[PDB]
Structures are given as C-alpha cells and as structure tokens.
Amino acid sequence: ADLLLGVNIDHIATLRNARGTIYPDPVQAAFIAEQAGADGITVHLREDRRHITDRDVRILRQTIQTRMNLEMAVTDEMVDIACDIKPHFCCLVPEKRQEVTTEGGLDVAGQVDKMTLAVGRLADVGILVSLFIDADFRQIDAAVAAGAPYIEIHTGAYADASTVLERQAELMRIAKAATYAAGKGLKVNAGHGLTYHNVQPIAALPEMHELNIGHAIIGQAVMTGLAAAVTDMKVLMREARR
C-alpha cells in the first residue's frame, strides 16, 4: 500500500530532438529521478522515434537502477526489441487509429488474439505486461483473457473534466474499474494527465499499485529542476494515503 511512482522521461527527449544535440539526455534524467524518489522509469519508444530513441532504450536498460518500464505499440518490431532488452515492465499502448478506442485506451477487446500472443512472447522472456486501458469492464475482461498480469487505467477523462460533477463521475469510473480489475486478480496502475493538482484523489485509491506520470513532472522540472519535481510528486502521493 505504498503507492509507487513511475517517472516517464519522454519529454526530456522531446527537448533534445528539437535540435540534433546530445543534451538533455534522458539517461541523466533517469538517475536524477530515481534518486529523488522514483520507483521506476518509463519510456515510450514510438515507431517514429519522435522522442525516445533505440539509443536511449539500450543505454537506459543498462543504467536504470530501479525497474524499467517500456511503453510500446503492439507490433512485431516492438515485441522483438522488448524481448531483446527485457525491461522489467512493458506497457502496451495504442499509436494507430485502428488500435485505439474513442477514449484513448488500447482496444484490447477488438484484438484479443493479437494481444494474447504479444503478451505470451513478452512473458516467456520474464517481462511483466500491462495494457493501458480505459476504465471499462469489457476492456478489463479482455486483458485478463489476454493473460496480462497488469493494467494501467487511462486517467485522461479524469484530468480534462471541466466541472465538479464531471470530475466526480470520471473519478468514480476509475474507482469502480480499479475495484473490478483487482477482483479479477489484476495489479492496477494509472496514468495520463496526472499533475501536482489532481494526483491525490487517484493516489488515494487502495488498489492503485503504481502511478505513471511524465509531462507534469518534466514541466515542473524546467523551472525547479527534476530532483525537486520528482520529490514533490512523491510527497503528494505519500500524503494522499494518510
């Protein structure tokens, strides 16, 4: 019931790729973040490599002193890289139109067989697999039949809610989905759009295992530095579960 913090460092790479320079280097961030209270490091290797690159992935795997979480699209190219690099975690996410739901989560249920097989290959090599899904009982069932030990619930709707009633409903949607996922024996993560100002209610949920969080941290980091930004998110998360 200590909630874990995964720091996603893609946007360090966004800043880098904007020029073709060597800095800022995601590898440096990983060290800052872990020693400031991150429990894991996340990177999304996109097919287009718009931020994180193969160069990044291959070095991070040798330098992450915690657990590495590799977010990737469900493709044969990416399942190969994953089965080579062997991160502690994989998190399967959509990147194409045909793989995503209206809401932004991975369509596990529309492509069950593709999922099961991807999972199978990752697991056979010791990786633990998460599917980033909506707070949806049907997608949850799919992930179980997929054999994915973990899910990550998409906190976007929860983040973007304009009004008090909307926020409440989205929150209850996540709450119920976490309770259900766990019932069916899934370990439950959450992420997308979490900030220094909306994290607590998500943090407070008993079932949440790890929160995955990138942009807000990187965004605070340019002003105050990543060590401060990570510690402050970790503090809010601790306080949320008092």
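Note that residue numbering follows the sequence shown and begins at 1.
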Stretch with higher mean Cα temperature factor, 75-83 vs 89-97, is 89-97
Avg C-alpha B-factor, entry values, 186-194 vs 60-68, higher side is 186-194
From the entry's CA B-factor values, the highest among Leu117, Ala135, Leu131, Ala123 is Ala135
Scanning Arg55, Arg173, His215, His44 for peak Cα temperature factor in the entry gives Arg173
Here the Cα B-factor of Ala1, set against its chain, lands in the third termed highest
By the entry's values, the third containing the CA B factor of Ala240 is the highest
Of the three thirds of the chain ranked by Cα temperature factor, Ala178 occupies the highest
